[PDB]
Amino acid sequence: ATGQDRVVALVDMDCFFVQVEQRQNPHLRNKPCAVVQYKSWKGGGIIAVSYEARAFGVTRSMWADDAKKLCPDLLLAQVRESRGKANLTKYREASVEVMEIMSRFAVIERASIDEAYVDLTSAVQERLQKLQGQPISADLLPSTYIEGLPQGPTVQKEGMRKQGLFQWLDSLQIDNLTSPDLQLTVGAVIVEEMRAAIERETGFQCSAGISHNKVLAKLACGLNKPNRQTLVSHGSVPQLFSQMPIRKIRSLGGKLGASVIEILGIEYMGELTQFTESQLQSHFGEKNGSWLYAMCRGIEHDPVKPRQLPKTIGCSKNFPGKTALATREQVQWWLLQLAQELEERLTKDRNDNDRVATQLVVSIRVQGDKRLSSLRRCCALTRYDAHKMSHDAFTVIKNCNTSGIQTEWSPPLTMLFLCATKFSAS
DNA sequence: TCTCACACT
DNA sequence: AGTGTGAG
Ligand SMILES: O=c1[nH]c(=O)n([C@H]2C[C@H](O)[C@@H](COP(=O)(O)OP(=O)(O)OP(=O)(O)O)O2)cc1F
Ligand SMILES: [Ca+2]
């Protein structure tokens with residue numbers, strides 16, 4: 001079993017937030033520019049960077065003042081602030097523009113505000129039968145790269161792409177409606193169409209990866225960016241993985257990937273193939289070891305889940321440094337701010353998508369603790385009312401106040417989080 | 001520099 | 001139910 005059953009794509013909207021601001025403000029298009037939140041602290045934190053700006057070294061998580069040192073003509077759009085906090089509504093609404101188009105072509109799993117996986121297996125099958133048995137023209141794939149091609153016995157990027165595509169298509173056995181390579185190729189044609197539709201109907205450009213599973217689709221998408229798509233076939237996997245750092249594969253970018261590297265003494269994904277499955281399991285657990293054994297051979301079975309809507313709706317703000325909440329009524333006022341945005345977003349959700357959430361998650365962080373969350377508590381969510389929700393959130397966290405004073409809050413709070421969960425049909 | 005999904009327990 | 005990981 002070679003992990004070639006499915007055709008799966010990952011589509012990534014290139015520097016999406018920037019694109020959203022560039023569509024709305026044409027003065028920004030085709031310039032180095034970035035999206036920031038909170039202008040006051042060091043010019044604001046950069047959450048999205050156009051490709052022109054990235055060429056100067058500007059990255060996400062940079063302060064805008066720092067990015068301006070690297071890129072003096074950098075243009076900035078600020079995120080909308082509402083009730084003292086960054087509000088992402090405009091981007092969420094652009095994201096829904098895009099997913100609704102993608103869903104006309106295939107079933108899509110929303111992976112984040114700017115990317116979606118796409119299961120094209122069924123769509124490919126139908127296109128294959130309408131195609132009589134007729135060859136696939138290079139003209140159907142005007143922005144597609146075939147990973148690992150050209151090879152064997154031109155100095156410009158587009159010349160390379162074409163030569164690789166020619167070599168791919170010249171050897172395609174179109175007379176076999178079950179070759180996985182043919183299916184990928186038809187998958188790629190559909191994604192060219194889907195990306196043409198997204199750009200025509202929204203003005204947004206994006207990159208896509210096309211392969212046999214989600215991890216490879218995602219890896220492929222990042223290989224030829226921006227506004228390009230890449231086909232990673234099963235056959236390309238041994239050479240692709242032979243120099244591919246372990247941390248580049250989805251879910252190995254963190255502690256597990258680090259311990260795979262250290263315990264095993266390897267650097268690249270393909271070095272995993274010399275270990276038995278039992279060996280991998282003993283070091284990393286039954287699930288992880290099984291997952292690694294198959295993955296380093298290009299095989300992964302995680303399904304594209306037919307889910308175009310988030311499972312949770314969440315509202316958080318950080319209060320770092322001297323800005324940590326120290327008084328009771330301060331903590332109340334911000335919970336109320338969080339509860340109010342949440343109500344706004346919950347009501348739109350109940351009306352657009354026919355469902356109500358039923359559980360409220362409250363999470364806080366205390367100054368001096370180490371981790372994203374210090375403590376997580378839940379309670380019932382019965383009415384979309386901001387005042388009750390914030391009253392309830394306070395109720396389930398007021399005992400964390402180690403201060404004996406009634407009006408003070410120690411240790412001061414460095415993060416407040418309200419999340420609606422456990423949706424049911426409405 | 002605010003999100004969202006999921007595995008373990 | 002609560003914590004921790006991984007990612008955008
Ligand atoms: O830390 C983050 N903060 C943060 O707001 N977002 C938001 C803002 C951003 O446009 C969007 C994109 O996430 P991506 O990691 O996929 O990167 P892009 O900007 O779209 O460009 P590309 O995929 O490299 O071409 O999510 C992602 C984060 F990772
Ligand atoms: Ca993106």
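Below, chains carry the letters A, B, ... as their sequence lines are ordered, and counting in each starts from 1.
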### Query
A:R371 side chain N/O closer than 4.0 Å to the phosphate oxygens (OP1, OP2) of C:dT3?
no
### Full working for ring-ring contact (aromatic ring centres under 6.0 Å, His included) between A:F284 and A:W291
CA-CA 10 Å; A:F284 313 112; A:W291 189 82; over 10 Å; no
Contact list (N/O, under 3.5 angstrom) for nucleotides 5-8 of chain C vs protein:
{"residue": "C:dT5", "atom": "OP1", "partner": "A:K255", "partner atom": "NZ", "Å": "3.0"}
{"residue": "C:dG6", "atom": "OP1", "partner": "A:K255", "partner atom": "N", "Å": "3.2"}
{"residue": "C:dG6", "atom": "OP1", "partner": "A:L256", "partner atom": "N", "Å": "2.9"}
{"residue": "C:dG6", "atom": "OP2", "partner": "A:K255", "partner atom": "N", "Å": "2.8"}
{"residue": "C:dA7", "atom": "OP1", "partner": "A:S251", "partner atom": "N", "Å": "2.9"}
{"residue": "C:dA7", "atom": "OP1", "partner": "A:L252", "partner atom": "N", "Å": "3.4"}
{"residue": "C:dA7", "atom": "OP1", "partner": "A:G253", "partner atom": "N", "Å": "2.9"}
{"residue": "C:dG8", "atom": "OP1", "partner": "A:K218", "partner atom": "NZ", "Å": "3.0"}
{"residue": "C:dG8", "atom": "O3'", "partner": "A:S112", "partner atom": "OG", "Å": "2.7"}
{"residue": "C:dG8", "atom": "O3'", "partner": "A:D114", "partner atom": "OD1", "Å": "2.5"}
{"residue": "C:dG8", "atom": "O3'", "partner": "A:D114", "partner atom": "OD2", "Å": "3.4"}

### Query
What distance do A:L74 atom CG and A:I46 atom CD1 have between them, rounded to the nearest 0.5 Å?
5.5 Å
### Task
For A:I47 and for A:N288, locate the closest nucleotide of DNA chain B by heavy-atom distance; then report the residue assigned to the nucleotide nearer the 5' terminus.
A:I47
### Residue mapping more 5' on DNA chain B - nearest nucleotide basis, A:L309 or A:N318
A:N318
### Task
Could you walk me through whether A:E81 and A:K85 pass the salt bridge (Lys or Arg N to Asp or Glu O under 4.0 Å) test, one step at a time?
CA-CA 5 Å; A:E81 282 194 8; A:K85 73 173 295 297; over 6 Å; no
### Query
Step by step, would you call A:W409 with A:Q330 a side chain to side chain contact (heavy atoms under 4.5 Å, CB included)?
CA-CA 9 Å; A:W409 200 286; A:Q330 237 186 312; over 6 Å; no
### Task
Find the distance A:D369:CG to C:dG2:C1' and express it as a whole number of Å.
14 Å
### Query
Quick check: does any side chain N or O of A:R29 sit under 3.5 Å from a backbone N or O of A:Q22, one acting as donor and the other as acceptor?
yes
### Query
Of all nucleotides in DNA chain B with an atom under 4.0 Å from a non-hydrogen atom of chain A, which is the first and which the last going 5' to 3'?
B:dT1 to B:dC8
### Message
By the 4.0 Å heavy-atom rule, please label A:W41 as base, sugar-phosphate, or nothing.
### Response
nothing
### Query
Among side-chain atoms of A:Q281 and A:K287, is any donor-acceptor pair under 3.5 angstrom?
no
### Message
Do A:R297 and A:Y293 form a cation-pi contact, if we require the NZ or CZ to be under 6.0 Å from the six-membered ring centre and within 45 degrees of the ring's axis?
### Response
yes
## Note on the structure
The side-chain contact (heavy atoms from CB on, under 4.5 Å) partner of A:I190 among A:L120, A:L140, A:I210 is A:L120
### DNA chain C contacts made by residues 66-99 of chain A, counting heavy atoms under 4.0 Å
none
### Ion pair check, A:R104 and A:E193, cut-off under 4.0 Å
no
### Query
Contact class for A:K305 vs. all strands (heavy atom < 4.0 Å): base, sugar-phosphate, or nothing?
sugar-phosphate
### Task
For A:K42 and A:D65, run salt bridge (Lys or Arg N to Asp or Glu O under 4.0 Å): C-alpha distance rounded to whole Å, both residues' side-chain angles, the deciding distance at 0.1 Å, then the answer.
CA-CA 5 Å; A:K42 314 195 148 165; A:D65 295 352; over 6 Å; no
### Task
Please say whether more than 12 non-hydrogen atoms of neighbouring residues, nucleotides or ligands are located less than 6.0 Å from CG in A:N30.
no
### Task
Describe the nucleic acid contact of A:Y38 in one word from base, sugar-phosphate, nothing, applying a heavy-atom distance below 4.0 Å.
sugar-phosphate
